[PDB]
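So I pulled this structure from the PDB, and the sequence comes with it:
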2 protein chains.
Amino acid sequence: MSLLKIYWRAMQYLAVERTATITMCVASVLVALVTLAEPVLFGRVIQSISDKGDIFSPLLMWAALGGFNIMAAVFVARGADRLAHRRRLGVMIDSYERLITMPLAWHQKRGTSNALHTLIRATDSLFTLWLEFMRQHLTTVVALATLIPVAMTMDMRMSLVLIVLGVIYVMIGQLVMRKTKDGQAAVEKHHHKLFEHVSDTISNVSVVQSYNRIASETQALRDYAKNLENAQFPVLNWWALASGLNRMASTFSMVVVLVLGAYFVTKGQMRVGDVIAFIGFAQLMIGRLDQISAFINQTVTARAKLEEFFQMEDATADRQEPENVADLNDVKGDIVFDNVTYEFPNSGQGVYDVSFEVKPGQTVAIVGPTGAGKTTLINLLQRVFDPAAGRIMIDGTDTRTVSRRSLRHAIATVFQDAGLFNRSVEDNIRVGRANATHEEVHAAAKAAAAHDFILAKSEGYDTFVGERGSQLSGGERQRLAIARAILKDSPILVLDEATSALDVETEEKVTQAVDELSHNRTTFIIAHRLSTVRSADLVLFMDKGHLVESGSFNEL
Amino acid sequence: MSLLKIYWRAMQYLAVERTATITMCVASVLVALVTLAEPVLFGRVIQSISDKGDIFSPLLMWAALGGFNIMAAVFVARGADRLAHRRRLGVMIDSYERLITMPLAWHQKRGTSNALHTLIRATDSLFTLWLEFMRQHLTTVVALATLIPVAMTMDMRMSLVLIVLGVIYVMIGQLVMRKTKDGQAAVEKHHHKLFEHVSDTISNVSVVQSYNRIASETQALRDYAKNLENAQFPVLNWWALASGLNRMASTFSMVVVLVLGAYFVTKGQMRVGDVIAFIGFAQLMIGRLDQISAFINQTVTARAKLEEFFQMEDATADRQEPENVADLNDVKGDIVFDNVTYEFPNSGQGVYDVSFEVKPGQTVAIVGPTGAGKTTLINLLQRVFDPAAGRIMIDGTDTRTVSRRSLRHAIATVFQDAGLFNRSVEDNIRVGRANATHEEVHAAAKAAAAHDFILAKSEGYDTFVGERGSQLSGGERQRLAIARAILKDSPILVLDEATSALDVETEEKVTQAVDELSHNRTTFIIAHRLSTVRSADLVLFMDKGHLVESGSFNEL
Ligand SMILES: Nc1ncnc2c1ncn2[C@@H]1O[C@H](COP(=O)(O)OP(=O)(O)O)[C@@H](O)[C@H]1O
Ligand SMILES: Nc1ncnc2c1ncn2[C@@H]1O[C@H](COP(=O)(O)OP(=O)(O)O)[C@@H](O)[C@H]1O
Ligand code: VO4
Ligand code: VO4
């Protein structure tokens, strides 16, 4: 019975615009009161024709209440829709902020692209929840609450039947939820499997289309759809049974109310006006119960997605030290490792017992066979995740006591996978300095030879590359990344696989240019080619996370 | 007014299960006729008590009609829900089939990852459309069609009231659509821009989190949200105005009906039983017209997405010559290019004036500076997209006249980006021969040195890599790709960027192993390192898509 918890969370997210929310609630209670009082006035005026006199005023009051209901309906529709859109946008904003705030391991483990789909689905479901909940729930709940005393003061037999009617509705709701929850969980897990398979297949379309695996993959997805649709039937059957049972209850209560009114015809206190007002009350409750039953169904359907979204909301517990914490500045270059190892989750390997000191003014290149632990070493230095048990002494200062904002501000790491956005070359490069100049961009590009091939094609700089540079081949993304790194101008430059299958003349030119630019500071080289480290000062080779010699520039 | 075309296309997707759909329509029309007959019998039995006699039978008949209504409601709910889910799954299946059918360029230009989101959104919108449209619209349309003659045979005064009511509703609907379509289009375009920015930011979270660009990105997305909500208010304002106007129309018509019935009380033809039955008709029409107005609102909201989906469906005009087109066999290796050049859309560069012959039994290596056109040459050899003007002579046969199914069955191309699924290592490698055996898989893996570092970690071969192999580093994706290529065992091997920044010992071992495997066939080398072509027999160098010499293995 987590429905109440879900509704509390929804109201917590919706309790931001205090003024707008309070005005909406006031409008809802007023319109509910008007809708309840309208049949009472209708009964008044129907009984009015039995006597004789100037009883035209009650009809005027009824017309005024009708016009007031119209105006209130307009205002509540407008305000509810506006509030729903504003709060949906705000929730999306804050959720996106936390989502991009998340660390790298959490994204690589689960997120990829499923996180975006979950965010969008949860956001739209919450939008629908906010709108329909607000309107229907406030109106019908206030109507029922104001109806209880009126039914208490009027004939109590009909109220006695009506409370049993409400008991019937809540009982069938409980019954359906009990018979439906397990099937809902199974359906959700099957749908997640299906969506994951679809996303994984679409994201790798070239591989699947280059191996004649279309038939096999579509048959597997057909199997997944079969598995999902196996568990879909019982829950909808139960929903149909619930709809039929409540329809039978509504018709049964209507017949009972009609018979009671017929008995009241023989003798009673009030008139056919009260009788028909009671009938109108009954039919209004029938309709609103139908809408809230449908609403309960939609809420049950979206339950699992809302639960997952709330879990990801509360999963943001990585405290960032809001208080002013010690930063670093004027990084001349002093890097010390002290017996720092890492063990992967549910795995092993990694680095083991690594320690070395870095003096300013000289560069260090790390070489060695693949899988040794060089990339994880680099992303440990930049601290994408915290080491197991060790001290990263930078400028004689631990990496744990340094704020994240200043940690990566004075660092310059090209990635092994040079990822790029789909924006223009200007936007994709001009990220190391938001206040830079086009002359600076040209100089940075010409230092990395990423301009000589772009001035002579594709509208010069203003070219929209595709996703991950899928529109200008792939031999340019490395040049663009190294140009961006040179533009960043940081004291510590990290060349992680910046030297790859390119022209040997291009490689030597890039190496000499970055040598001339980084002679003023200390920089890191992660490459297996022995021709890109002729100017290195303290080179070391690492195997399987264990150093062997870590000797001088010239070693055997 | 593409609304009718949208309904026709949706129904055409729906009327596939002819038996089930026809039964659903028959059940709906029968239950609608029953619901229309109910007030008539109610008015009869209310009028029947005016006289005296054994007139208990009409009351029992009315109860039986209510029971039929209940049972038919259950039947239509269950059948409609089941058919809707089945149709949604089938539509998703076939749309996914066409989506993966598309070539690479169409995905690189527009799809990438937005296509999946569009497909999911369109599919769920179509599900909701099918369900709600079928039930509500069919019931209410049959209701109106059966109601018009009954009221025409009864007093025509209320009939003239009713037709003006309908005219008011349809005219306000047309005016609202005219005032709202432009706002809907602007909202859709802004939403698409917002989603594109969100996806581009999330997909490359490492770069944005390693460059302190979180604040700028979130502020830009806030600006996008502001721009989106600027055009968001007028449309909802117009819908609120329309809702108020139709509420006023409904109350006004109810007032008119009450006045007409009050005059009819003085004198008329039928009784208050028929009067109140017509009152029930009026309120039922009011409610159903309100629901269908809301449905029109949802259809307008989803109209742009449905239009995009239908345009994508109709864009699938890739005729594959359904008749048996001549395939290829006896593939010993005969590849000749004859003056085939390609021009990119709205660009230049590419290959120009290429002419060379391939003799079976020898390997040919393509070298040259980056951006020359080697990757595009390779993927035209595999015919990922159709060349501009020329012939690809394979085994003395043009590549156009061979079906794509068997065209790529005798090829083995490792991509520049080694794409991998998030399945196991065994499932990711065993894709060329599903009926193969573990002995073959082990031999292929140990031939490509993708076994020595996986036999002693993570449950051996049963290791679940993440997306793009983001869980076992990146020095293994190349090994897995080359192992899979060796496993495929095709006559023409293509080592496109199969050699990269790896250990020199590992590189030389891989080269000798692939040489020994491919001695019985022909293969290509796309690499800039000069150490991987010592065993080549016919080397040529291509620059800017223009050859210079294209000589033999030994050249100056
Ligand atoms: N996300 C991960 N989960 C588990 N193990 C990993 C992960 N990323 C890398 N590894 C392990 O770390 C080892 C070294 O990876 P890496 O440092 O990225 O490559 P290299 O050692 O060539 O620089 C690999 O053998 C791999 O198994
Ligand atoms: N999708 C594309 N759209 C436009 N131009 C492209 C596309 N892909 C590649 N090119 C152009 O083709 C040239 C050669 O690319 P490619 O063959 O992939 O690399 P290489 O020449 O090193 O093999 C590049 O300079 C690039 O500008
Ligand atoms: O620019 V390349 O396609 O030779 O990596
Ligand atoms: O296997 V590596 O991360 O040294 O390219």
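Received the coordinates, thanks. Residues are numbered from 1 along each chain as shown, chains lettered A, B, ... in the order given. Ligands and ions are numbered 1, 2, ... in the order given.

excluding its backbone neighbours, what's nearest residue A:321?
Take residue A:321 and drop its neighbours on the chain: the residue closest to it by Cβ to Cβ, 6 or more residues apart in numbering or on different chains is residue A:403, 6.7 Å away. All C-beta spots, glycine's among them, are computed from the backbone N, C-alpha and C.

Touching, that neighbour and residue A:327? I think so.
Yes: checked against Cβ atoms under 8 Å, the pair residue A:403 and residue A:327 is within contact range at 5.3 Å.

show me the contacts for the residue nearest the centre of chain A.
Centre of chain A computed as the mean C-alpha position; nearest residue by Cα atoms, centre = their mean is residue A:119, 2.8 Å away. Residue A:119 sits next to A:92, A:95-96, A:99, A:309 when contact means Cβ atoms under 8 Å, 6 or more residues apart in numbering or on different chains.

Would you mind measuring the gap between the ends of stretch A:430-439?
Its start and end residues considered, stretch A:430-439 measures 12 Å (Cα to Cα, to the nearest Å).

any bit of it sitting next to chain B?
Yes: in this structure, stretch A:430-439 sits against chain B according to Cβ under 8 Å from any Cβ of the partner chain; the contacting residues are A:431-432, A:434.

Of all the residues in that stretch, which ones are buried?
A:430-432 (16 or more other Cβ atoms under 10 Å in any protein chain shown).

what's near enough to touch residue A:446?
Contacts of residue A:446 (Cβ under 8 Å, 6+ apart): residue A:452.

buried stuff in stretch A:191-207?
With burial defined by 16+ other Cβ under 10 Å, the residues of stretch A:191-207 counted as buried are A:192, A:194-207.

how about the nearest residue to residue A:176, chain neighbours excluded?
residue A:242 (4.8 Å).

secondary structure element for that neighbour?
helix A:232-266 (DSSP states H and E).

nearest to residue B:528, of the contacts of residue A:119?
residue A:99 (39.3 Å; Cβ to Cβ).

Show me what from the stretch 351-500 of chain A comes close to chain B.
Residues of the stretch 351-500 of chain A found near chain B, taking Cβ under 8 Å from any Cβ as the criterion, are A:369-371, A:375-376, A:382, A:384, A:405, A:408-409, A:411, A:413, A:415-417, A:419-423, A:431-432, A:434, A:453, A:457-458, A:466-468, A:470-471, A:473-476, A:488, A:497, A:499-500.

sorry, back to before: check whether the residue nearest to residue A:176 really touches residue A:172, as I assumed.
Yes: the pair residue A:242 and residue A:172 passes the contact test of Cβ under 8 Å, sitting 5.4 Å apart.

Can you give me the domain assignment for chain A?
Per the record, chain A has its domains at A:2-315, A:335-547, by curated CATH domains.

any bit of the first one sitting next to ligand 2?
No: counting by Cβ under 6 Å from any ligand atom, no contacts exist between domain A:2-315 and ligand 2, the nearest distance being 12.5 Å.

do the shortest one as well
Yes: using Cβ under 6 Å from any ligand atom, domain A:335-547 comes into contact with ligand 2 via A:471-473, A:475.

Output the residues you listed as TSV; include the columns neighbour count and secondary structure.
Putting these into TSV (neighbours: other Cβ atoms under 10 Å in any protein chain shown; DSSP: H, G, I helix; E, B strand; the rest coil) gives the following:
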residue	neighbour count	secondary structure
A:471	18	coil
A:472	23	coil
A:473	17	coil
A:475	23	coil
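
nearest to residue B:53, of those?
Ranking those by separation from residue B:53, with Cβ to Cβ as the measure, puts residue A:471 on top at 87.1 Å.

Chain neighbours aside, what residue packs nearest to that closest one?
With sequence-adjacent residues excluded and distances taken as Cβ to Cβ, 6+ apart, residue A:471 is closest to residue A:465, at 5.4 Å.

Run through the residues that contact that neighbour.
Contacts of residue A:465 were listed using Cβ under 8 Å, 6+ apart, and they are A:420, A:422-425, A:428, A:471-472.

And for residue A:322, the neighbour number?
6 (other Cβ atoms under 10 Å in any protein chain shown).

wait, residue A:24
Counted by other Cβ under 10 Å, the residues lying close to residue A:24 total 21.

give the contact list for the residue in the stretch 201-350 of chain A positioned nearest to ligand 2.
With distances taken as Cβ to the nearest ligand atom, the stretch 201-350 of chain A approaches ligand 2 most closely at residue A:206, which sits 12.5 Å away. Residues in contact with residue A:206 (Cβ under 8 Å, 6+ apart) are B:104, B:384, B:415, B:419.

run the last query once more with 6 Å
Listed by Cβ atoms under 6 Å, 6 or more residues apart in numbering or on different chains, the contact partners of residue A:206 are residue B:104.

Is it in a helix, a strand, or coil?
Secondary structure assignment for residue A:206 (DSSP: H, G, I helix; E, B strand; the rest coil): helix.

I'd like the distance between it and ligand 4.
Look at residue A:206 and ligand 4: by Cβ to the nearest ligand atom, to the nearest Å, they are 22 Å apart.

In chain A, what residue spans correspond to strands?
Using DSSP state E, the strands found in chain A span residues A:335-338, A:357-358, A:364-367, A:391-394, A:397-398, A:411-414, A:492-496, A:522-526, A:540-543, A:546-547.

Which residue lies nearest to the closest residue to ligand 1 within the stretch 1-150 of chain A in three dimensions, sequence-adjacent residues excluded?
Sorted by distance to ligand 1 under Cβ to the nearest ligand atom, the residues of the stretch 1-150 of chain A start with residue A:108, at 5.8 Å. Nearest non-adjacent residue to residue A:108, counting by Cβ to Cβ, 6+ apart: residue B:470, 4.7 Å away.

what about the one you found, neighbour count?
Tallying neighbours of residue B:470 according to other Cβ under 10 Å, which is how burial is gauged here, yields 18.

That one contacts residue A:109, doesn't it?
No: taking Cβ atoms under 6 Å as the contact criterion, residue B:470 and residue A:109 are not neighbours in contact, 8.8 Å apart.

what comes into contact with stretch A:503-511?
Applying Cβ under 6 Å, 6+ apart, the set of residues contacting stretch A:503-511 is A:449, A:499, A:532, B:369.

rerun at 8 Å
Residues external to stretch A:503-511 that are found in contact with it (Cβ under 8 Å, 6+ apart): A:448-449, A:479, A:482, A:498-499, A:502, A:529, A:531-532, A:534-535, B:369-370, B:528, B:530.

buried ones in that stretch?
Within stretch A:503-511, the residues that qualify as buried are A:503, A:506-507, A:510-511, counting by 16+ other Cβ under 10 Å.

ok, now which ones touch residue A:543?
Contacts here follow Cβ under 8 Å, 6+ apart; on that basis residue A:543 touches A:368-369, A:372.

Now the stretch 301-450 of chain A against chain B: closest residue?
Proximity to chain B, evaluated over the stretch 301-450 of chain A using Cβ to the nearest Cβ, is greatest for residue A:370 at 3.4 Å.

Where does chain A get nearest to ligand 4, which residue?
residue A:370 (3.3 Å).

From the structure, what's the count of residues near residue A:66?
Based on other Cβ under 10 Å, the number of other residues close to residue A:66 is 19.

same question, residue A:484
Residue A:484 has 25 neighbours, counted by other Cβ under 10 Å.

isn't it right up against residue A:433?
No: contact between residue A:484 and residue A:433 fails when scored by Cβ under 8 Å: they sit 10.3 Å apart.

coming back round to it: can you tell which of the strands of chain A is closest to ligand 1?
Evaluated over the strands of chain A, closeness to ligand 1 peaks at strand A:522-526, with 7.2 Å, by Cβ to the nearest ligand atom.

If you count contacts, what does the closest one end up packed against?
strand A:364-367, helix A:374-381, strand A:492-496 (3 or more Cβ pairs under 8 Å, 6 or more residues apart in numbering or on different chains; DSSP states H and E).

what sits against residue A:403?
A:321, A:325-327.
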